[PDB]
Each structure stands twice: as C-alpha cells, then as structure tokens.
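Here are the chains, one letter per residue:
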Amino acid sequence: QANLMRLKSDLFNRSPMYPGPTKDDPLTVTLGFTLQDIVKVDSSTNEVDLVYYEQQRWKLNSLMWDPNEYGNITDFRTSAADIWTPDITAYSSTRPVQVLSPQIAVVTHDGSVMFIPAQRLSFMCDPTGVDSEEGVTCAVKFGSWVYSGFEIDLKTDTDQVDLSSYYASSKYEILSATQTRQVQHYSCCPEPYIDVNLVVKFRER
Amino acid sequence: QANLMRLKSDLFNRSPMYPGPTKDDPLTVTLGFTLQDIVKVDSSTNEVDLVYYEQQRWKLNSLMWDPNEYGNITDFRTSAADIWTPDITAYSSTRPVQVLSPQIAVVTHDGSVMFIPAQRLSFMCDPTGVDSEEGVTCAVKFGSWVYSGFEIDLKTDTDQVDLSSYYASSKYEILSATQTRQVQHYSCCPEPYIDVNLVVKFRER
Amino acid sequence: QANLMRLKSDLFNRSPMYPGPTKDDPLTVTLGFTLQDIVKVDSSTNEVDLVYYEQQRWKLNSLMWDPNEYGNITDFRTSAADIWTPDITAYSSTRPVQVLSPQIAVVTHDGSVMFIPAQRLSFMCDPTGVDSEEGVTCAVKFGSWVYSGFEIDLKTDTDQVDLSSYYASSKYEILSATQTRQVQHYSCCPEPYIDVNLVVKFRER
Amino acid sequence: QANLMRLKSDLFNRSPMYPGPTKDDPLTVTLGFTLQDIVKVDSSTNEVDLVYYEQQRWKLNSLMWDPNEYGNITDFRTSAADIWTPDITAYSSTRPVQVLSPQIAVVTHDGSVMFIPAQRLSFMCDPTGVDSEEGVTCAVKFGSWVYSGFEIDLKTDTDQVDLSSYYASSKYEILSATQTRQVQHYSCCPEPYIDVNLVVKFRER
Amino acid sequence: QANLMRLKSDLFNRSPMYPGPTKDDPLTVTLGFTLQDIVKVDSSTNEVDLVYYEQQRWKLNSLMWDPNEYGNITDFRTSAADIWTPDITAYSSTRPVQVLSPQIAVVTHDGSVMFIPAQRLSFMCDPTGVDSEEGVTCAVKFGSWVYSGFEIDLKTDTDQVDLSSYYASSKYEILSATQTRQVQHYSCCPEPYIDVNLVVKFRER
Ligand SMILES: O=C(O[C@H]1C[C@H]2CC[C@@H](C1)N2C[C@H](O)c1ccccc1)c1ccccc1
Ligand SMILES: O=C(O[C@H]1C[C@H]2CC[C@@H](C1)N2C[C@H](O)c1ccccc1)c1ccccc1
Ligand SMILES: O=C(O[C@H]1C[C@H]2CC[C@@H](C1)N2C[C@H](O)c1ccccc1)c1ccccc1
Ligand SMILES: O=C(O[C@H]1C[C@H]2CC[C@@H](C1)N2C[C@H](O)c1ccccc1)c1ccccc1
Ligand SMILES: O=C(O[C@H]1C[C@H]2CC[C@@H](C1)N2C[C@H](O)c1ccccc1)c1ccccc1
Ligand SMILES: [Cl-]
Ligand SMILES: [Cl-]
Ligand SMILES: [Cl-]
Ligand SMILES: [Cl-]
Ligand SMILES: [Cl-]
Ligand SMILES: [Cl-]
Ligand SMILES: [Cl-]
Ligand SMILES: [Cl-]
Ligand SMILES: [Cl-]
Ligand SMILES: [Cl-]
Ligand SMILES: [Cl-]
Ligand SMILES: [Cl-]
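Structure determination for this entry, per the PDB record, employed X-ray crystallography and reached 3.59 Å resolution.

Chain A is annotated in the PDB entry as SOLUBLE ACETYLCHOLINE RECEPTOR of Aplysia californica. The record for the entry shows the title "Fragment growing induces conformational changes in acetylcholine- binding protein: A structural and thermodynamic analysis - (Compound 3)".

As structure tokens, then:
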C-alpha cells in the first residue's frame, strides 16, 4: 500500500493547486448519458423528472506519472474532492439537482480522468399529448456555466443516448433519445458558448 | 499555468482578509435581472414562485494587478468562497432561496468582479384576477440586509427586465416587467437604505 | 482598512474564547418583534405559520475598545460566527425554524451588540373561529433553553409589536399583537426562568 | 471569567479523548419523557407524529474537579460537541428525527452530566379506533443502537410520563402514558440489550 | 481507560491513511438484510418506500493487534468517520437514501469490522396487482459504485432475508424475501462487477 500512498502524496501534497483551463491552456470534456427512468410529469406547472447517470472524461498533464517508478501502478480511485472537476449545469432546471451516487473518480497514469455521477433532475417541459399514440417531445441543454468555448470544448462519442438500463415497467415508453453538440451566441458576451442538447420523445405505457 | 498560480497565491495567501465596505471607504453594486419562468401561483396562501438569474458587479482596489508583471494575464475565474460578496436579500420571501447554478465569479486586472447566480424564490403576492384579460401585478424588493446607504449603494444599467430567455410554453404570459432603484427610511433606524424594486405584470397564457 | 483589520485581529485572535454568562457575570438581552405575515392555518393539526424578524441586543466588556487608538472607529459589521450569541428558542414549535436573512451582527466601541434575524416558524394554535367577526387569539413564548434567571435576564422596550411592515393583501387581518415579559417556575429546577410572551388576535380578510 | 476559561482548557485540551464505556468499566443512563403534543395520525400509512423533550443523565470520573482550586466553581454550560454523549435511538422510526432545541449540556464538579434535547418523531402505529370512546394504544422503544447491556444500562426515576406540559387544545386526549425498562434478546446476537418502552393510550377530543 | 486510549492513538494517529482496496490487495464484503416495513406504494409514479437495516462485514490487516500488549483488549466501538467504509449503493433508487441510526462500528483484534446502518429507501417498482390474492413482486440490486470484482467481492451467509422484525400491523403482507449474489458484465469496462439482488413478494393486508 506504501507505493500508492507515496504516489498520492507526491501528486496532491507536493505540487500546487491547478487553477483550471485558460484561453492559452484549454481542455475538452466528453459527455454521455444513460437514461434510467421518467418518474413523473406535472401538467399543471409543466415540470418533468428524470433519473440518469452522466459520463465525464478529461485529461491533464499535471496528473500523469511513470508506472515503473511507483511499483508498476497504472491507475487508482480517489475522492472527487481531491481533484479539479468541470461545472456542467442544466439551463432549464426548476429545483436543485439531487445526487444519488458516491463522489469518487478514477485516474490513469497518462493523466486521464473518468467521473460517473448519478442524479435526479426537474426541468421545464409541456407534457400535452403524452396520452396520444404519437406522444410528446421535450429537450434540455447541458454545459459549463462560467467558461466559454475558448476555455472548455465539449464532445460526444455517439448521438444515441444509452437506453440499455431504462426501467422496463416505467409509466412512460421511450420513442427516441438523442445527444447532439451545439454552439450558442449570447447578447452579454462576445465569445461562443458550447452545449450538449438532450432531446427525448415519449408516451404513456 | 505557473503565472496564474503565482498571481492567485500573491492575492489571497500573502495579504490579509478584506473587512467589507465602511462609511469612510464605501462601494456601489450594479444589479440586473433575467426572468426565466413563473412556475406556480398559490391562491390559498398568496405565494408565487420565480426562476431567474441575477447580475452582480462591484470593484475593489485590493483585487487589482499589473498584467505585464504576471505574463500578460487580464482576468481569471475563481470560486465565490475565495472572495468577498454582497449580502443582497429579498424583503418579502416566505421560504429560503434555492441555488440552481455553480458559485464561480470572474476577476479582471482593474479590480472588477462579476457574479451571475441562478435561483428559485417564493414571495408574498395576491394572484386574484390572473384569469382576466387585464391580468394581475406583483412586486418584490432586493438589497443588503445589514449595510446602510452610507456603506453600500445600488445601480441599474436599464429599467427593463431581460425577457429574452423567458420560457415560451409557461402557463403565464408577461405583460410588463421593470427594475427600479429606491431609497427608504425605516422607523427602527435613522439612516436610509437602498433597494431595487422588481415589478411584474402577468396573466394566464 | 489597515486599522479595522488590526482591531478585529486584536479582539478575536489575541484573547481567548468567551465561555458564556455565569452567576458572577450575568447579562440581560432586549427582545422585539416585527410581524410581516400569517402565511397559513391548519385546522386538522392545529398548526400556524409566521414570517417575522427579531431584535436582539446585549453588551459585553470583552468587546469594548478606545476609538482614538484605532483611528477613530466607533463600530463595525461581523459574521455572527465570530461572536457569542444567546440561545433564544420558541417553547411550542412543531418544526425546525427556517432562517430567511444573512447572519451578520454590528459591534460598537462600548461593547454593545445588535443582531436582527429574519425567520419562518410553525407552532401550536387552535384556529377555531377565525371565520367569525370576533376572530381567534393565539400565543407563543420565547427565551433561553439552557440559561436560568441568574445568568440571562430579558427586557422589552415596548409591549406593542411592530405591525408597520405587515403584508396588506394577507389572507388574515391583525386585530391586536403584544409582547410581555414573564417569570416561570418549573418543577425540574429550583431557579426561575425568564421569557417574553407573543400574543396575536386575528381573523379572515 | 479567567477561572472558568482555565478549567475548560484543563479538562478538554490537556487530557486525551474519552473512548466510551467498556465491559471492564461500564455506565448507566437515566431517561425521562415530557409529552407535549400528538400533531397528526396517518391512517393510510400507519404513521404517527410526536413532539416532546427527553431527559438524559450520566456521570464520568474524567469530568470531575475540586471547586476550591478553580475559584469555587460548582458547574458550567457547554456545547454537546465538546463532550461524549450516549447513542439513544428509536427502533420503529420511519423518518429521521428533527431537532427543535439548542445542543448545550450542563456539567457539575462531581462529574455528572445533564442533557435535555427537544424533538419531533414519526413512528409505526395503527390508529384504527381513535374515533371510539375507548381509544387506541401505541408504543415505541428507545435505547443504545451499538452498546450491549455489559457496557450501557438504563434507569427511570418514575413510570409516569410527564404530562404537565401537554397542549390543552390538541386534537387528541391522553388516556395513559408510561415509561418502563426492558431487557431484549435478539436472534443475531448472543448478548442482552436494554431499552425503555414508551406506551401511550389516546383518543379524539 | 489508558490502554484503550493508547491502542486507538497507535492505530489511527501514528500510521498513514488507508488508500482503499487494489487488485494487489483486494477484499470481500458480507451483506445481510432485515426487512422492517413497506411504508407506501405510489401507483402513479411506480415508486415504493422501504425501511430496513443492512449488515456489513470486512477484514483489514492494518486494523489488527495483539491483545496481550494492550491489557487484554479484544474489541472496541468507534465512529465510522475514523475508519474506511465500502461504497455499497442501490442501482434503481429515485431519491437520496435517509439514515435512521448512529454511524458507529465495532473493531476486533483480528482486523474484522462490523457496521449495521438503518435506512429508508425509494426505488422503481410497478405495484399493479397488489390488491389481488396472488400479490405483486419487485427487486433492487446493491453493490459498490466504483470498484470492480478484482478489488471488492460480495458474499451472503444465507439466502433468506430476516423477517423476524417485520411490522405486524403494516398495510402490506410479505409473502417472500430473498438475497442472492450476481455478476454483471458492462460494455464500458473490462472487469466484471458484483452485486446482491433483493427480491420481495407482497400484497395488501
Ligand atoms: O456571463 C454571463 O452568463 C454566464 C454565461 C452563459 C450565459 C448565462 C450563463 C452564465 N451561461 C450559460 C451557459 O453557457 C450554459 C448554456 C446552456 C446550458 C448550460 C450552461 C452573463 C450574462 C448576462 C449578463 C452578464 C454576464
Ligand atoms: O437594523 C435593523 O434592520 C435591518 C436593516 C434594514 C431594515 C430591516 C432589515 C434589517 N434591513 C432591510 C434592508 O435594508 C433591505 C431592504 C429591502 C430589501 C432587502 C433588504 C433594525 C431593525 C429593528 C430594530 C433595530 C435595528
Ligand atoms: O433543565 C431542564 O430544562 C430546561 C429548563 C426549562 C424547561 C425546559 C427548557 C430546558 N427550559 C424552558 C425555557 O426556559 C423556555 C421556556 C419558554 C420559552 C422558551 C424557553 C430540565 C427539565 C426537566 C428535567 C430536568 C431538567
Ligand atoms: O448488533 C446488531 O445490531 C445492533 C444491535 C441491536 C439489534 C439491532 C440494533 C443494532 N440494536 C437494537 C438496539 O438494542 C435498540 C433496541 C431498541 C431501541 C433502540 C436500540 C446486529 C444485527 C444483526 C446482525 C448483526 C449484528
Ligand atoms: O465505469 C463506469 O460506471 C461504473 C461501473 C458500473 C456501471 C455504473 C456504475 C459506475 N457501476 C454500477 C455498479 O457496479 C453497481 C451495480 C449494481 C448495483 C450497485 C452498483 C462507466 C459507465 C459508462 C461509461 C463509462 C464508464
Ligand atoms: Cl413526490
Ligand atoms: Cl460568468
Ligand atoms: Cl411542488
Ligand atoms: Cl406549502
Ligand atoms: Cl443590522
Ligand atoms: Cl428557458
Ligand atoms: Cl439544561
Ligand atoms: Cl405536514
Ligand atoms: Cl409522506
Ligand atoms: Cl453493533
Ligand atoms: Cl476511496
Ligand atoms: Cl468509475
């Protein structure tokens, strides 16, 4: 255990704190969604609840090491409190997001980080026509709140949201689920801002 | 990254803590509102829920630097925990305000600070006549709870509320919305207190 | 700002922790109420909700200074976390009190402290006859949970509650509201305990 | 105040942490209940809500002192965070207990500790027949979750629950209320476990 | 008490932090369930609430000692905050789990740890046919969120869930209850992940 304890000590306690991405040192984050369930729809306030888990991937030079020097260690698990994390937020949320999983991430010797947080979200969506055979469609945007496109960029490995873990006896059937990257231009700010737009079509079971 | 790490170290770790504005050395905060949605109205308790995001701007001499000495760095992002923030509160709230965005602010080399917090608020408002063609009007005041006029002052760049991001399929239509500065005298206290009055006119879609 | 930073350093960091009033060092706290609104009444559980703000005043010798020695500073604002505060509680509450304002207090050079906390409270009250012209009356007691009369005493500047900020379009009109000091003798303890009784008479709008 | 500050420093900062009771060195806790109100009964889930305050008494040799050596000080108030406290829990609760009072305890020169916490509790109880003249009866057990009988023992000064502070206009009348000590044997574990069973008989007013 | 204080000091303060299991130093956790009550079923969102307590057992070499050297001490109780704990999570939860018991664990001289946490959980379950004589069946999986099989394995002493403490007057009758170990293979990852599946059969009184 001595080698892992030493590597951790050298990485986090010796060196100073990482101050995030800049225009000179930008980074890209890969996003992915696994939809688990549509728990409820509120027709009187136009609010819809989702249960899912997000995939977050990024790489930093400040986090890499030589495995040979630390007794052939390629990777390790660490609390998300010990490392820098991106600030990915939902634009149309109506209540604070609830966390449903432990906050631990995995770090590999090349500097790659993987973080998989599970959560419940309430957002703006009109459910009129969910009782029909054709169904109703809704969308929600995810992205960094404070950083532009010159500091953080976003990427998706596929445009098909993972439905391999969707609840079979849910009150609502999934007709389509997509994850597409998009660019925005805001009046306030002269820089573009990048997002990933989650679009879902569904109906009553 | 060494230069940004150095600037941050010199600003926050070397010098002591800023003890807030005084009567001798006072400051001014600029406010602005972006209304997103009227989620629900409760006719039985006269309570109304609002989802929006606030614009906060102030300047401090203790936060400025020469970009030339720190490798031509003009600005940076930092956690709101690291810097002093104004104590802006709503006078007619009925439940504690819910935060819906990350707490990160931006600092420029001249000492200017920008902070944009997203939140949900419940306040006192009679909705009688929202079902009419003319609609109903309500208001809520914002300002520093503990600081007087001789300590903190308020300013608005415009009188019109930003409605460019208002939810298109909301159950309620916005007829008018304004942000206007006020100066008040309370019975308790011999000093005046400044606030910004948010007045919204709406009806059923 | 150097003088205020120095005064604060000398008061809180040099000297040791204040261990609360004793029988050889007792203190008196002044109380006062500003009623804002009666939000709801529950006839099925006999519970009533209130929104208001309290006035707290006390003096300590450990907090006084000479303004002349610290560049003519008479007073300053500080987080309630930095100073000792009285343990004032409501005897008939049914749910934990919600805080609705920042926790900042003001300290003057003579050692006087002023703290104004805003809050929402749920307490025991039978609302039978609120629909009548005569209305219904209810009461709630406030005071120190642990400290007796030989450690902490209470005082009120007036016996009339401040109704100058009561919500005009509330579902309930106030007929009368009063604040009066009481001395209680409990079976548990040979010492007496001091409290202030808030009595409100109201009816439907 | 110098003497009290000194005594506190010598007790908590000089000596090491108390590691809780053992087999070779056990202790006894005295319990007592003051019933304030039965707030609501839920016939659809068989859940009942109670508002009350508990009496906790224990003695430790590590907490005693000579008053003569510390300027004739017999007792003092201290935050429950500074001292060891027993882990008394409710076996049939359905939601986490809500605290309704400050967490301060009193310590005397002989080593005796007194702690009086006020709280709201939801537990399993079938209310069928509360509308009858005979009424309905329910019970709930309190005791240490982790320590057996060979480490912690329990005691009651009386078997008659204190009803001198029960809410006069409650929707429910108290017929009888008792506090009795019990010794349990669980299938899992070879040691005996002690508890105090609270039994209440009530009906509609 | 000097010996126990010394043992605790030598174990936690002298040696460095345990960095969690690895492929070179893996461990196994034993699980067990005691079902207490089915509090409510929501047919409109397909959500079910459970109240129970879990059994957790694991062994570490970093936690063993010679009783002879520490005055014949075989075991002791300690706060779960002082030791490493497994990240055992429910896959189909819809709201954050509520804790209903103190967080204390027991450590024996051979390095074995026992932790018994009590909790309330809301998960995905279709209750259609609970009103029938045959009843309805539902399931939920438990296991570590981040560690694979080569780091954490699971075990059960029996396949029958403990029903000796199930609430007699519950609105729902239990007909069956089993705990069974499973091995999952995920696309994302190259190692197999283990879980323990909880299956309950029930109906209305
Ligand atoms: O910088 C600002 O806002 C931040 C940048 C953008 C715009 C609002 C919010 C905060 N950011 C949105 C973010 O890019 C986002 C977009 C879509 C989904 C998630 C996050 C700003 C806006 C108005 C006035 C002054 C400053
Ligand atoms: O300082 C006081 O009041 C504080 C200052 C002002 C007045 C009430 C509240 C607390 N503060 C209001 C603040 O100026 C404000 C106004 C409008 C919207 C938000 C905050 C005070 C109150 C009662 C007795 C003694 C002193
Ligand atoms: O010290 C006790 O309780 C404290 C003293 C009194 C009684 C309850 C509570 C805590 N104190 C009441 C408090 O002074 C108060 C009364 C009314 C409104 C607010 C606070 C006590 C009670 C019963 C048995 C042994 C000790
Ligand atoms: O020690 C255990 O549980 C603790 C001891 C007992 C049994 C459950 C709970 C926790 N304890 C009950 C406790 O004595 C109690 C009883 C009544 C009211 C409060 C606490 C245990 C249970 C099952 C398998 C292995 C170990
Ligand atoms: O490693 C991953 O996720 C972890 C492994 C598995 C799958 C989700 C979660 C985190 N783990 C589930 C866990 O094994 C579990 C299974 C059953 C009950 C509780 C926990 C992952 C998932 C998607 C894309 C890239 C990487
Ligand atoms: Cl709900
Ligand atoms: Cl920003
Ligand atoms: Cl709601
Ligand atoms: Cl409500
Ligand atoms: Cl103030
Ligand atoms: Cl929107
Ligand atoms: Cl007390
Ligand atoms: Cl309620
Ligand atoms: Cl409920
Ligand atoms: Cl145990
Ligand atoms: Cl870990
Ligand atoms: Cl992972």
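K.L.:
Could you clarify how one ought to interpret the relation of the copies chain B and chain A in this entry?
P.N.:
Each of the two chain copies can be brought onto the other by rotation about an axis and movement along it. Rotating chain B by 74° and translating it 0.1 Å along the rotation axis places it on chain A, where the RMSD comes to 0.2 Å. What the rotation and shift describe, once combined, is the action of a five-fold rotation axis. By C-alpha distance to the rotation axis, the residue of chain B lying nearest is B:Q98, at 10 Å.

K.L.:
Looking at this structure, I do not really get the packing of aromatic side chains. What am I missing?
P.N.:
A ring pair, where both rings are aromatic, is described by two values, the distance of the centres and the angle of the planes. The full count for this structure, using the stated rule, is 63 aromatic pairs over all chains. Seen in terms of ring centroids, C:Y91 and D:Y53 are 6.3 Å apart; in terms of plane orientation they differ by 85°. Their pairing is edge-to-face. Placement of the pair is C:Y91 in the loop between β4 (88-90) and β5 (98-99) and D:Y53 in strand β2 (residues 47-59), with the two residues belonging to separate chains. You can call C:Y91 partly exposed: its relative accessible area is 26%. Judged by relative accessible area, D:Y53 falls into the buried class, the value being 15%. Pairing E:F33 with E:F142 gives two aromatic rings, centres 4.9 Å apart and planes at 45°, and the pair type is tilted. Within this pair, whereas E:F33 is found in strand β1 (residues 27-42), its partner E:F142 is found in strand β9 (residues 136-144), the two being separated by 109 residues in sequence. For the pair E:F33 and E:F142, one class covers both residues: buried.

K.L.:
Could you clarify how one ought to interpret the interface of chain E and chain D in this entry?
P.N.:
One frequently used descriptor of interface size is the decrease in accessible area upon assembly of the parts. Contacts between chain E and chain D engage 29 residues on the former and 27 residues on the latter. Approximately 2400 Å² of surface area, both sides summed, lies buried where chain E meets chain D, with 56% of it carried by carbon and sulfur atoms. The three residues of chain E that bury the most area against chain D are E:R77, E:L100 and E:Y167, which together make up 25% of that side's buried surface. The interface formed by chain E and chain D holds three salt bridges in total. Here chain E and chain D share eleven residue pairs in polar contact between them.

K.L.:
Sorry, what's going on with the interface of chain B and chain A here?
P.N.:
Taken residue by residue, the interface counts 25 residues in chain B and 25 residues in chain A. Interface of chain B and chain A: buried area, both sides summed, is about 2300 Å²; carbon and sulfur atoms make up 57% of it. Considering only the surface of chain B that becomes buried against chain A, B:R77, B:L100 and B:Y167 emerge as the three largest contributors, covering 24% of it. Its salt-bridge partner being B:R205, residue A:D126 comes within 3.7 Å of it at the nearest N-O pair. Counting across the chain B and chain A interface gives ten residue pairs in polar contact. Elements represented by at least two residues in the side of chain B that touches chain A include exactly α1 (2-14), β1 (27-42), β2 (47-59), β5 (98-99) and β8 (118-124) of chain B. For the side of chain B that touches chain A, the residue count by class is twelve nonpolar, six polar and seven charged.

K.L.:
Is there a simple way to think about the UniProt feature "domain: Neurotransmitter-gated ion-channel ligand-binding" (unreviewed entry) in chain A in this case?
P.N.:
In this structure's numbering, the residues bearing the UniProt feature "domain: Neurotransmitter-gated ion-channel ligand-binding" (unreviewed entry) are residues 16-203 of chain A. Structurally, residues 16-203 of chain A comprises 0% helix and 49% strand, and the distance from its first C-alpha atom to its last is 52 Å.

K.L.:
Any chance you could explain the site of ligand 3 here in plain terms?
P.N.:
Near ligand 3 lie 14 residues; those nearest to it are C:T89, C:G143, C:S144, C:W145 and C:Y193. With respect to ligand 3, its neighbouring residues span chains C and D. At a separation of 3.0 Å, an oxygen atom of ligand 3 approaches a polar backbone atom of C:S144. One of the backbone N or O atoms of C:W145 is found 3.4 Å from a nitrogen atom in ligand 3. For ligand 3, the protein covers 90% of the area, taking 570 Å² as the surface of the free molecule. Of all the secondary structure elements, the ones that give two or more residues to the shell around ligand 3 are β9 (136-144) of chain C together with β2 of chain D.

K.L.:
Can you walk me through the sheet that holds strand β11 (residues 172-185) of chain D in this structure?
P.N.:
Pairing between sheet strands relies on hydrogen bonds along the backbone, with the strands arranged either parallel or antiparallel. Residues and elements named next belong to chain D. Taking strand neighbours across the sheet as the criterion, the four strands line up as β4-β9-β12-β11 in an open arrangement whose pairing is antiparallel. Among the strands making up the open sheet, the edge pair consists of β4 (88-90) and β11. Taking the axes of each pair of neighbouring strands and ignoring which way they run, one obtains an average angle of 25° across the sheet. The pairing of β4 with strand β9 (residues 136-144) spans three bridges and is classified as antiparallel.

K.L.:
Got a minute to help me understand α1(B) in this structure?
P.N.:
One turn of an α-helix holds 3.6 residues; hence residues three or four places apart share an orientation. Residue and element names in this part refer to chain B. Between its terminal C-alpha atoms α1 stretches 17 Å, which fits the 18 Å expected from 13 residues at 1.5 Å a residue. Restricting attention to buried positions, one finds in α1 the residues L4, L7, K8, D10 and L11. Down the axis, α1 shows its buried residues gathered within 160° of arc, on one side only. Seen from the open side of α1, the exposed residues pointing more than 90 degrees away from its buried face are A2, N13 and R14. On its buried side, α1 packs onto β3 (75-79).

K.L.:
Which parts of the structure should I look at to understand the sheet that holds β4(C)?
P.N.:
Residues and elements named next belong to chain C. Pairing within the open sheet is antiparallel, and its four strands lie in the order β4-β9-β12-β11. The open sheet has two edge strands with one neighbour each: β4 and β11 (172-184). In this sheet, adjacent strand axes meet at a mean angle of 25° when their direction is disregarded. Summarising the sheet, β9 and strand β12 (residues 193-204) pair through seven bridges and their orientation is antiparallel. Across the sheet, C138 pairs through a bridge with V200, a residue of β12.

K.L.:
How should I be thinking about the side chain of E:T34 in this particular structure?
P.N.:
Within the element layout of this structure, E:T34 appears in strand β1. With residues up to four places along the chain from it excluded, the contact list for E:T34 reads E:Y52, E:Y53, E:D162 and E:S165.

Reading the values: the criteria
Residues numbered from 1 in each chain as written, not as in the entry; some residues may be left out. Chains lettered and ligands numbered in written order. Heavy atoms only, no water. Least-squares fit on C-alpha atoms. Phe/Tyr/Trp six-rings, centres within 6.5 Å; stacked < 30°, edge-to-face > 60°. Helix = DSSP H or I, 4+ residues; strand = E, 2+ residues; numbered from the N terminus. Buried < 20%, exposed > 50% of the residue type's maximum accessible area, 1.4 Å probe, protein only. Contact = heavy atoms within 4.5 Å. Buried area = accessible area lost by both parts, 1.4 Å probe. Salt bridge = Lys/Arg side-chain N within 4 Å of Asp/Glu carboxyl O. Polar contact = N/O pair within 3.5 Å; in protein donor to acceptor, adjacent residues only side chain to side chain. Nonpolar A, V, L, I, M, F, W, Y, C, P; charged D, E, K, R; others polar. UniProt positions renumbered as here; feature names shortened; annotations may be inferred. Near = heavy atom within 4 Å. Areas by Shrake-Rupley, 256 points an atom, 1.4 Å probe, with all protein chains shown as cover. Pairing = 2+ DSSP bridges. Axes fitted to C-alpha atoms, helices over the stretch in contact; angles between N-to-C directions. Expected span 1.5 Å × (residues − 1). Arc of directions from axis to C-beta.

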